[PDB]
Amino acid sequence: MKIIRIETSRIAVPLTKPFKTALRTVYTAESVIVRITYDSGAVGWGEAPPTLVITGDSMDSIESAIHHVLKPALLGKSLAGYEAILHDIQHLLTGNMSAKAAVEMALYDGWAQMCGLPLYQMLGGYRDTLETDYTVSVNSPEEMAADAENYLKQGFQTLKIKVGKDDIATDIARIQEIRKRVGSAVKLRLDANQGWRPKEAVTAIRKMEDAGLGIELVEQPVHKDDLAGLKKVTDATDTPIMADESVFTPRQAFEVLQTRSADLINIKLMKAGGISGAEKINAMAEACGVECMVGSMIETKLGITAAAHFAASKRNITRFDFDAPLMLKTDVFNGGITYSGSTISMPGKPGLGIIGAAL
């Protein structure tokens, strides 16, 4: 199994719900698609979207990194020496985690195909189905509660709500209105996206507790670099605190675990620069009795399939956040995982199970 060709292409898939950034309004989901062709004729697939605010990677930086650094280093190499290939991918350049992840996806796809197994089975095969949460778009508490009940009826028992942008009072009113229409029938996951200061986070999370909102967990309440602050929120509340942006790499996972700064860890391939890193983070957490969740960036079903195969393979990964593909007006890929309500099913073919560009 030798790598003989590496190609990249760009895609732009219209969003069902456009959103605005500080500089513009996004109507499409862009990402770099990677195709690694092996001497066996097999094709490994990878995906990497830009996340200027989270990783700092852009379409241009991702493609350049793949064409100027990773590609010339991977050509001709064989998957028999995987340890060395992964080390080169992670160390030939600093950062550019997204570019590295896209390449790792295609490599693990090739690796699983080589062994004749679905990627998730190659990584441990713990489960073949998993439940994904669904995001309730921010809006008036009344509108969110409406969407929430309808998502509940569609089979989603876990909903995700972004908080930490508006007033704490606004966040709380929204969640209250939501429970008013669904009760405990659904679990509520919040992501503050580093929007609060430590003391401000403790206050808001306790308020929700006093209001008996029963929050399942709160992701990254404080600034990613503020570990001591993240730990303050963890030790001052009864609601589990999940580290997201604070943990990209296994070394950062080790720091968070060592200081006991969080109850849980949210893993994403883009942040870890791929599966190898993601695996190390989860294994590390597991040994410390800390469960993990696997999420993603705005990605098509390709990136979500790689993410899902990794998540499905580990016992210690007990939560999943893979609704990005459901936010696209179209599915441009043939194969991969399949959705039935909130239930994601793993494919049976070797590798990722991605056949090619849909039609």
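All residue numbers are counted from 1 along the displayed sequence.
Stretches 325-333 and 42-50 differ in mean CA B factor, with 325-333 having the higher one.
If you average the C-alpha B-factors over 67-75 and over 280-288, the higher value belongs to 67-75. Based on the entry's C-alpha B-factors, the most elevated value among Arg251, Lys180, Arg260, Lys271 belongs to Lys180. Taking only the listed residues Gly212, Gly124, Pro118, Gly110, the entry reports the highest CA temperature factor at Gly212. In the PDB entry, a CA B factor belonging to the highest third of its chain's modelled residues is recorded for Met144.
Per the PDB record, residue ranking by Cα B-factor puts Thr37 in the middle third of the chain.
Among the modelled residues of its chain, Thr55 has a C-alpha B-factor that falls in the middle third, as given in the PDB entry. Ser246 sits in the lowest third of its chain by CA B factor, as recorded in the PDB entry.
The deposited CA B-factor of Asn96 belongs to the lowest third of values across its chain.
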